[PDB]
Structure formats: C-alpha cells, structure tokens
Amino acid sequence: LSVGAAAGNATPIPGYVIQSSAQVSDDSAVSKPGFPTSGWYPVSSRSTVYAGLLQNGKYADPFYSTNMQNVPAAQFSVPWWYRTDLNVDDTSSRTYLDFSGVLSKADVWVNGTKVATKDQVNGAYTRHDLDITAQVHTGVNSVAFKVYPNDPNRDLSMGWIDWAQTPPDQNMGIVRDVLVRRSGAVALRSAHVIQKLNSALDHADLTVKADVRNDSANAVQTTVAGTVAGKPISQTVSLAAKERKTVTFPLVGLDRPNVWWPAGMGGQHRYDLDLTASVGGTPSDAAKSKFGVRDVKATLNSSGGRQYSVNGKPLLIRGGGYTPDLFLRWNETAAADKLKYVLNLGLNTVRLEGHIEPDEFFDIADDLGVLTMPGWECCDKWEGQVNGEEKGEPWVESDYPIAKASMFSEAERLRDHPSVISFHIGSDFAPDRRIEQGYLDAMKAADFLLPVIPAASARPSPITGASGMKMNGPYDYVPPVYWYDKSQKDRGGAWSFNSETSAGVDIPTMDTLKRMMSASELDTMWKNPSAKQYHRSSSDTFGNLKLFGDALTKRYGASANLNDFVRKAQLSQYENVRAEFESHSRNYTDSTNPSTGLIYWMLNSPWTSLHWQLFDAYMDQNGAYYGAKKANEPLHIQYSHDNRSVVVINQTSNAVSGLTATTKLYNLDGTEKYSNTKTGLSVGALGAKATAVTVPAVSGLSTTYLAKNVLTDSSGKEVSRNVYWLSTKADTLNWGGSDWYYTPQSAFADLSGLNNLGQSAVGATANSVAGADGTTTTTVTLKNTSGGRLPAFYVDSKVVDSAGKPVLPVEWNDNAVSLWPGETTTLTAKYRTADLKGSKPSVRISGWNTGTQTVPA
C-alpha cells in the first residue's frame, strides 16, 4: 500500500492481514514496521473476521446445510487484529485515518503508538477522523486495529434478530473502508448541499456548506472554492491554529433543475459538488460529491396513516425489507444486481431495518431511482432502553454519546442521497425523550432534513409523535383473503402503512434447494414440515415450517414427493405474495383508512433461506418472486379475493384511457363458465384504480377453477394478463385464535383439483443477441400447441447453460405465464454475457401441466 502526498488524496486500505489477539502478547508490537505476521490471514477490505476466514479456506460454505454450526465460536470472544503496512514517500502532507464500520469497537495503533482506544472508536456507525501526522514517517509505516468482539445486545452495532442464524463471529471486524487521507495545513470535511425546490419544481435554491479545520501550528487564511451544479463558488475565512469552522456559501439559484424522480416518474439525475480548500495559493484538501434536487414529505393522513410524497406526488410505498449478506461480504456489482431486481419486481422502495449499507449502495439506489427507508433496528442494543424484556441491554451513560454520534455520522452520510425518503429513529419501540432528543439534535447538526419516523410499529415517540405505521404481523402463513381485511384493527390487512409483513415460508427453486440442503434435509422438509430447519430461523417461533406445511396440504393436497411439495410451494407463494401486494394497491385510494404502504418481509435473505424472501441468496426467482412481479405491473389487472371485483391499477405517471378488461372463468376441463368484457375504462396515474366488474356467483364451477383476467389497451395490445386458481370453498379466518405473528384458519380453500388438471403442451422457440453493452438478451416464443381445450398453466422459463444450470442474475419482462390453446407469448430475458461463462445459452421450460423441455437459445 503506497499513498501519494497530493492534497485531497483519500485512499482506501485494500486489505489487511488478520489474527486473533490470542497470538499477540504485546499489543504495541503489532503496528511496528517489521512485525512478523507468519500464519496471519490475508483478507480484503470490508471483511468481518469470519468472512476473512472463509476467504482463506478455513471453514466450509455456511450456505450449505449445518456447516456454520461446525465453527467454534469461542475464538471470537477475544479481540482480533487487522494489520497493514503503509508506504509514505513524503511526509510534507498531514495524514489521517478516516473510517467507520468497526464492530464493535477498536484500539487503533500506528508505528507502536496507540492513537485511539476502544472507548473512543466504538459503535459500528461512528465515524473517526484520526490525525496520525505525529506518528507517520517516510518509508514503511504500519497501522493496526485491535477489534473487539461484537455482541449486538450490548453494543450499538448490527445484529440479526430472527432473520437467519447467528454468524459465529457476530460480524466482528471492519465492514467499511478505512481511508488514508492526505492534506496540508487545512482539512476539508462534511461538504454538502442543502437544496430547496419550489412547488412548481422549476427552481431550486442551493446552500453549500463545508467545514475547514486548521490542523497546523499557525493561523491561516483558507479559500474554499469550486463548483456546485455547474456554477462557481468561493469563500475565504480565517482559522486560528486548531480551529474548525463551518463555511456557508451565499445562496445559489438553479433554474429548470434536472429534478430527480423515483424510477418510472422521470430521470435520476444527480448534480456534482467539487471543492478545494487552498492555503497560500496552493490546494490543501479537496472533496467531490453528489446531490439530488428532489422534495420528499411524509405526513399523517386524516386516517392517521403515514403518507409519502416525492416532488409533491403522493405514492403508495411498494417495497421489501432489504438485508445485506449474513457475514457483511461487500460486492458493488451484487448490490447493483439486488437493487435492479427491485425494479424488475416493479417495486419502488426498500427498507433497511438497521444493517445500513456502505455509500455505494445509496449511490446505486440514487442512480436506479429506488427509494430507501433506512433506520435503526429492533430487538437488540438500539432499543435496549425502551424495549423491556426484549433482547438488548438498558443504556448506561457512555451509550448516549455513541448513539448520538452514530446518528450524526449516518445523517452526514445519507443527507445528499435523493433515494433516501426518511430515517426511522425507532423500529419496534419508539425512543424515549432523552434518546429522541439526541437523534433530533444530531440530525439538525448534520442538516439532515428528511422525514423522521419514530417507529415502524404504531408506537409514538414523545417529540415527533405518532408513527402513522403498524406492525401487527403476520410473519407466517395466512390465506390470500386475509390481506383484504379491514375489520381487525390489531391485524395486518391492507390499511395504514404495513412496515414489515409476509406469509412466512418462501421455498426457493429446486436449483437453489440442492445447493443449500442435503438430500436428507430436503426429505425431512416435505415429509415433516414440523421438523426444525437450520435454514429458516434461530427463533423458536419460526424454527420449522409447520403452519406452511399444514396449509399446503389442506389447500393444495398432500405432497406425494419432494417435487410435488416444491411445485405446490411455488403456487402457494405466488398466490399469497400476489394477494398481499394487490390488496394494498387496491385499498390505497380508499376514502377511509387507505393502505399507504407495504414492506414485504423480506425482499431478500442474508443467506440461503426457506423464508421471508422474494429472490434467494443466489438471485434465483421462484413463485414468490413472480407473484410479487405480477402484482406490481405498471398497468395491471387483478381479482379481489374478498368480494370478487376485477380491478385495474395504473402505477404509471400518466392517466390511461380506452382500456378493456376481459374476465373469463374456466373449469379445469377447459369449459368457459363466465365471460365479461368491460370496454372504455379510464384510470388515473400513480396508483389509482377502476373497477371493471364484480364476478357473480357462477353455477356449475369445478371445486378448483380458473379466472383468466386480461387487460388490453386502446390499440388492442395485451398489457396485463393475470390467471388465478380459485376454489368454490372459501378460506376463512379464526380471528379469535390470532397470535402476534399469524391468524389460524377455520376453513381452507380447496385448490387440490390442480393435481388432476390434464396435460397441455408448449410450444417453444429461442434466440439470443450478445450486445455491445456486455449484456445478452434471450427472446423466447412460447405457444400452447395442444389439440384440446386445456391451458398450459404456470409455464416457467429459465435461462440455463449447457449443463442446465440457471444463469443468474437474470431479468425477464414476464414469466410464469399461462396460455390458452393456440395462444403465443414472446418473453425477453437479459443478463451479463459473462455470466454464461463461455456456454451457449439454452432455455429450460417447465409448466405445471406441460412437463419440462430445454431448447437452444
């Protein structure tokens, strides 16, 4: 590692060697140049200890079976060292270490001098700016962090709640970059742009702020100058030796600003701020950043629901709870791939319940137009002062400035990312008055001006007040009609802001299953859903798949083998996730107690999982993924499980007219039993709706039957197709048996007729184009080629290599399609040509009642 002396240099440390403090008897020795490190583990930047150990071989893949249980965790109850050399050719410039992401805390050492202790460098989110100029010399220098064990119940850090299983090291280590900064007499810090747009969105005012600190021995004059949004700015201030000042620039007007919008509502432009602090007509330090020109509000409606708006347009939040990797393994491409899946699902938002990602994650969210809802997490140290018998320790005096500093450092990091639409200062429990005041003060000090939400539950805080949100569950199996409930004011139906809910178990694709679980584990899964599954949750409540398995059997019919269990799981998950979203889209425009938000629990999993996910840890796409994608189409037709109304939803930024909605019921033998064609429908922009028809009680339906809903635009183009498998037997709730995480059923729909749906046929041609942008698009033309009346039902197309392995990540325009005899659809999948790994592409096509084939693409 070499760092130049250039003013404004800020170079990330690319890697470390690590070893347990068990092997280090003299702490001061480690950071002396020449300290031997034989047997130490080389690890990349942003590594937890265990991730470093995995990078070196040292344990088997924790994504497979119970491999993670075989790691001795005692070794992580003592500190580990992160060490690097640093070459400095020229000590003319001052030298700083600027970092955050230390879990839980650290002593910091340079060339045999302890520059900071774990009392100062404490908390995952706290930022540190350590001037190490006195310690640095020309040639080989050495830097070492003694990183202390992490306990999320004790430390203001990150924990995993009940999402997965506990990482053996509790994620101890350094999970963001440590920057080596160089600068002259004056350091430049905290440069940012306060931006205020008018209601017409055609003029903005910019107030640039930046701090300058004179770390030299003598008084200086400094000039802070550069550009904001293409316009020149310059201020000159005096600084005493050791003085820090905030420089405020005179207001800058910006006409016809290139306003940042959420995806689909306009562009995702960010402007640049570029500053240099100069001393004696020579640069001393420099900083470049971005900001977006966007207004956001989050207010309580007349029903008490939290209602977001961006640039004066109200939105229904449609999102998922986002999580990083279980061992905080960072990959910039992977972050991009995950946020891109958000938009392929048609979602608009992700929630981060703690685990707040490095800066690049928010850069990508900004660039893609994905809204973000960061905040502190429940159920550990963060809520320890207010959450009673729940996990997390009561706070002592030294906790208060760590929390406040954590808030200041996150507010400072997040304030100029336009994707950020709020910060949750509480999750579960709202903070008390003292803690809340600390957070509000930190945010004001950082000019963090975004909406503050006191909790994701219905709990108010003393100052900010009512949350406008609810956390009533469920987190486990409930039938599709559950989501249409508005009668139960303590449950999770479509009304108010649903900040975290799902129907629990989300079995991944067979391809993923075979990568995460052994033959014997998979066998238990379908034979005994009641058995604990390591790849569900460490929580007793969510340790097994019983509620899911019982419902699947009741409602699909008993599983005959593993393949049967999996195919049925995919329908149940598509059916459920679809209803969850669709109910919330429908009730968004209710006059009273509308739904104002939905955060699916969860978008994704920290690892290979059996629950709470839309896409799995390998980026594969199952029935839950496809069901969410179906429900969130920009021009969409849907069927209401409560009242049988056919409803059109327009997610787009423009009102649409001249639509026709066609609804047809079929028995499983293919007989049409009902048809309705509703022409001339209009529907307003940004989540508004129109009712096409209420399907009547039709006579002579098979016990399981099909509803085919089709929306066509005024040109005649089919813009949405949506096929439901329905029963003449209702799912109904035993509401009085409700617990915090689910409501049991008093009767079960009968969808078991699908077991005996006759065979149909498809019908497949595929071709691929490798583009100059490094992507390949594969186009597949599917046709129901059968000679009878039977639809080809639930046809899943997968891009695969020559070995039949899924090419991932992948983005389809549509998938999991249903085609009546003689009907054709053309589907389009896009992925990185490089992810084929030299293979020609093929397409695996599997339908519920059409078998499996692969065709060359």
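The numbering used is simple: start at 1 and walk along the sequence shown.
For the segment pair 414-422 and 127-135, the entry gives 127-135 the higher mean B-factor, averaged over Cα atoms. Two stretches are in play, 45-53 and 25-33, and the higher mean C-alpha B-factor belongs to 25-33. Highest CA B-factor among the listed residues (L273, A241, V350, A624): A241. Per the deposited coordinates, the residue with the largest Cα temperature factor out of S539, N650, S585, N198 is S539.
Split the chain's modelled residues into thirds by C-alpha temperature factor. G804 is in the highest one. Annotation for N815: C-alpha temperature factor in the lowest third relative to the rest of the modelled chain, per the entry. When the CA B factors of the chain's modelled residues are split into thirds, the value for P451 lands in the middle one. Annotation for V17: C-alpha temperature factor in the middle third relative to the rest of the modelled chain, per the entry. The PDB entry assigns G384 a C-alpha temperature factor belonging to the middle third of its chain's modelled residues.
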